[PDB]
Every structure is written in structure tokens, then in C-alpha cells.
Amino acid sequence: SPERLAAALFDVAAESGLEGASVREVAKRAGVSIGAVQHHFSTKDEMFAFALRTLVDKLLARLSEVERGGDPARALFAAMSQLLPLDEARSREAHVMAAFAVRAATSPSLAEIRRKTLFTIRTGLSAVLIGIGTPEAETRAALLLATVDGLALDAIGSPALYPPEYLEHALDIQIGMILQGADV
């Protein structure tokens, strides 16, 4: 049931933003007793945090498939492109992730989950860049991730300015910049 609720929340949020994800609306979409929800989560914020944790765990599993050695540029691109709205699935994910990032302004649990998530991805990016002798690796890693997050935010609210082919070109350009001075 809690997994079902997390999927149902993501589904509502992608459709109608997080303002649509009332305890009531999430129940309809999964099955389930409005009490069944209350059984698993004592607060709405608990329910949101669980959904975010689910989305993050799925993202990290995806990074682990695509970021598997060999050419650094291609690995960095495959990983960062998971965060960009390049198809309908990733457009929904980007929408929901951005929504959680704004909701973190008023929710310490969501802010902490995001902080740990960014720390994890950033450390992974840093390890890649250090391994190839990149100048200012850690700072550049932070910048790569921040820039990808910003591109995703910019794109969801203005898709005509950020078609997938443009997003892919912009990510290529950013990666090329980050790798300047690396070997290779």
C-alpha cells in the first residue's frame, strides 16, 4: 500500500502539481480507504516525504545503470540527461522533482531528503571528475548538477524555448566546459 500511494501521489502531482495531492485525491488513485492512507502516514507531510524518497531511490537506481565507467563525457551525459525533461516520462519526473524542491521551502523533511540526494549525486559526479584530473572538480561537480536542475526548471515552464534537442545540446556544451583541463 505505501508504494501504491507513492505512485498515486506522483501520478496526481505530474498531472495537477502538488496542490492536487490531497490525502483524499491520492486515495482514489491507488485503491484505497482514506483510512488506509492515514494508517500508513500520520501526516500529509509524512506521505509527501515517502513519495519523494521513492522518486529519489528510483532516480539513483537509474543513475547506477547509466553511469558505468568508460568514456567520462558519455557517462556524465547519460546520468545528467536522467534529470532533464527529454521525453514524457522524464518531463513528469522533472515536474514533480521541481515541485518537491519548492515545497522544501516549508517542509524540513522534504528539504533534508533533497539535501541528502544532492550530496549523493554531487559526490558521485565529483569522484568521476577527480578520477580524470579535472580542475576544481568538486566545485565543477556542484555546478554541473545545479545547472542541470536549473535547465530542468527553465524547461518545464517554457518547453518551446527548451525542446529536447536543445536541452541535449546545452548539456553537451556544459559537459565540454566542465572537462576543460581534464585528461581526457
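Quick note: we count residues from 1 along the sequence shown, nothing fancier.
*Asks:* For the higher mean C-alpha B factor in the entry, choose 61-69 or 113-121.
*Replies:* The entry gives the higher C-alpha B-factor average to 61-69.
*Asks:* Of the two stretches 35-43 and 127-135, which shows the higher Cα B-factor on average in the entry?
*Replies:* Per the deposited B-factors, the answer is 35-43.
*Asks:* Going by what the PDB entry lists, where does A27 fall on CA B-factor within its chain: lowest, middle or highest third?
*Replies:* As the PDB entry reports it, the C-alpha B-factor of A27 lands in the highest third of its chain.
*Asks:* Which third, lowest, middle or highest, does the CA B-factor of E168 fall in along this chain?
*Replies:* Lowest third - that is where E168 ends up once the chain's C-alpha B-factors are sorted.
*Asks:* Split into thirds by Cα B-factor across the chain's modelled residues, where does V12 land: lowest, middle or highest?
*Replies:* It belongs to the highest third of the chain when residues are ordered by C-alpha B-factor.
*Asks:* Can you work out whether the C-alpha temperature factor of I175 puts it in the lowest, middle or highest third of the chain?
*Replies:* It falls in the bottom third of the chain.
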